[PDB]
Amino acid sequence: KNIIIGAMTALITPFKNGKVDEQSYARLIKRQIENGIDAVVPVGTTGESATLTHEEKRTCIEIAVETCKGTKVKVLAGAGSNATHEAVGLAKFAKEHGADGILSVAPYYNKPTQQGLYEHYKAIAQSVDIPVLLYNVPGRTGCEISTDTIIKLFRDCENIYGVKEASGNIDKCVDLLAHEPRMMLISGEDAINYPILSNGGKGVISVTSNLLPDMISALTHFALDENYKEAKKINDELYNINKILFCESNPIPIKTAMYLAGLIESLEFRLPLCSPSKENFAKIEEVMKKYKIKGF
């Protein structure tokens, strides 16, 4: 299978006076490239996929693709939807605009059965010829892609090569790689990056790397080299910021941290997301103080 693994960043989408700040977006991607990231995920959850227009999503993917041209960094475009015809459309769209692969979140809100998730992802995978990474996040979607469904999709569909797991369930991570050790398990939960990698996971799709790309890159590469002592040390150092970045729903804290670091011009979100409380603003600012944040 063709794969996209390693240290990856779920990119924030900066807004300026209500519009995508395209220069800021390109600069942030260059900063990620220059700090050792192996792939960027435009218009994922952290990128406020739900509230971007088709035209804004096209712009973001094209900027990611153009900025990564001539480097080793891959573009793994968010393309999921809770309507299968839409998810197929978004997959084809991402491929046509140059993406190296797609991240495709489990349908949210309408709670399909396992049979339905199987047919959903089978349809998407048959629609394009680029790698497909499943994305399980039951706390946001209301459903879970079971281990058996993930394993059947990996075994039956040529482009489906693994899953980004954001379920806080290390037992599921064991179940997955004990029964299907050829899949790429990708951490979708920064606080437990090291435990997932040490069980044979092969990458992270990170929120914290927006702010500390160098640290998340090193963590992941140490771990892939089986320098587990060094990878755990970084994971442990990162725990406080990894947790504070979810004091409110992601990406509210990470955008706040990026703004406080001077990495984006404006602290703007698209409704229904909005600025954090004053208390959480101060807690994010305080936890940031112990970390060395890279500039441009």
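Note that residue numbering follows the sequence shown and begins at 1.
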**Asked** Which has the higher mean CA temperature factor in the PDB entry, 54 to 62 or 245 to 253?
**Response** 54 to 62
**Item:** Comparing 78 to 86 with 189 to 197, the one whose average Cα B-factor in the PDB entry is higher
**Value:** 78 to 86
**Message:** Looking at the C-alpha B-factor values in the deposited entry, which of 114, 127, 209, 136 comes out highest?
**Reply:** 127
**Request:** Sort 37, 260, 231, 29 by C-alpha B-factor from the entry and give me just the highest.
**Result:** 260
**Request:** Pull the Cα B-factor of residue 217 out of the PDB entry and bin it into the chain's lowest, middle or highest third.
**Result:** middle
**Item:** Third assignment of residue 23 from its chain's C-alpha B-factors
**Value:** highest
**Modelled-residue ranking by C-alpha temperature factor, third containing residue 159** = highest
**Request:** Relative to the other modelled residues of the same chain, rank the CA B-factor of residue 227 and answer lowest, middle or highest third.
**Result:** middle
**Request:** Grab the CA temperature factor for residue 235 from the record and place it in the lowest, middle or highest third of its chain.
**Result:** lowest
